[PDB]
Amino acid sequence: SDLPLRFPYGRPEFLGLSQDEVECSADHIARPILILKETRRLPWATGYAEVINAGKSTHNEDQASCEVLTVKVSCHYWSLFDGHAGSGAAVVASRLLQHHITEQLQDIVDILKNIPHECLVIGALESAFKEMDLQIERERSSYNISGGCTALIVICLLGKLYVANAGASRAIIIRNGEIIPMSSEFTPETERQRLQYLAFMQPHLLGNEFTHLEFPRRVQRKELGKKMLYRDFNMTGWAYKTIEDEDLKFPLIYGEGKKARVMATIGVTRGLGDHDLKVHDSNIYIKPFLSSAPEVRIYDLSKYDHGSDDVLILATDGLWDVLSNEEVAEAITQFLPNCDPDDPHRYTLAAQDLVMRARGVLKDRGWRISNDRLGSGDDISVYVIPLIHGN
């Protein structure tokens, strides 16, 4: 907090917002939906829309970055970062991760003439994420790179899409109405076993304040000796255990779904930054359980002649927390057949339509969407990328 910012906080550079415009966008009551000006066209006529959260942070902590890299060949790059505990990490990542990608790819650019080649691309991305973190880790001592962020990027390289995800953002393809998932989320519920095992193997990271076991609820001192249900790292099911003091510490993973936390602190298990993140008023470091390694899924743009409405949707959890893949698919396939297939603004409007269907409208009782469901109060950022440019 004593250090200067590495970059000024801003919105994605491609929005071309002046800083009077940036202020007007930060409204928690009107929640203006920013879209991509028609004067500024993104690669592949990519559509983008975003909206600031309903009040839980003064800044929109999402960041987005979109440009065409050049490897000494062309490499298109889209990226989304969901910031938490500050905007520093996401801002930094949205400007620098592409250069770690470009440089890791330069190591193998020649070999990409003719171990499959795809596995070399995947390895470069995994190296780039590791190298983007670490740089945050070392420059942390010279700049205020606050907090951390999830990181979802995609590159088009020689006719294939690589979707690298480390966090809770999500990518799906809508190809002729059908949903092809391009990522899976990294939350305490989905990555329990890794965390529990690392706690079992290195129990000092639990700081005599947590247990690596998971129970159906909170265990009380009242209940010592009774047969309670437990789940260990090597288990997917549940069996009965007698409660033994150590079982009275706070569970390392507690909470059913979207409400589920690692050491009662963080609801996502992968991403960048958070290097000095510590437990709730404690001195236990969270980062030993966090990982900067992404999962990479490949889509080969050649196996199929895509249509005007065949799109890759990228969005932060702000979208997916209120909308299923099927609703998102419904909204796209309902909307895009109503815009002229030659309109370059066509996909930005689809991005806007999705954000609107997740943000909702403002009632006396809060933000509400369709069927009196509660709307998302998070930041929402949406990319609609038309696959037809990959044919």
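Counting begins at 1, following the sequence as shown.
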Relative to the deposited sequence, how many residues with no modelled coordinates occur between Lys72 and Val73 (none, 1 to 3, 4 to 9, 10 or more)? 10 or more
Tell me which stretch has the larger mean Cα B-factor in this entry, 182 to 190 or 218 to 226. 218 to 226
Average Cα temperature factor in the PDB entry - higher stretch of 275 to 283, 315 to 323: 275 to 283
Looking at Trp78, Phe233, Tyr143, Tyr299, which has the biggest Cα B factor in the entry? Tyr143
Modelled-residue ranking by C-alpha temperature factor, third containing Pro251: middle
Using the B-factors in the PDB entry, rank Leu374's C-alpha atom against the chain and give the third, lowest, middle or highest. highest
Consider only the C-alpha atoms of the modelled residues in this chain, order them by B-factor as the entry records it, and name the third containing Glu61: lowest, middle or highest. middle
Among the modelled residues of its chain, does the C-alpha B-factor of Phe335 lie in the lowest, middle or highest third? highest
Rank-wise, by C-alpha B-factor, drop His99 into the lowest, middle or highest third of its chain. middle
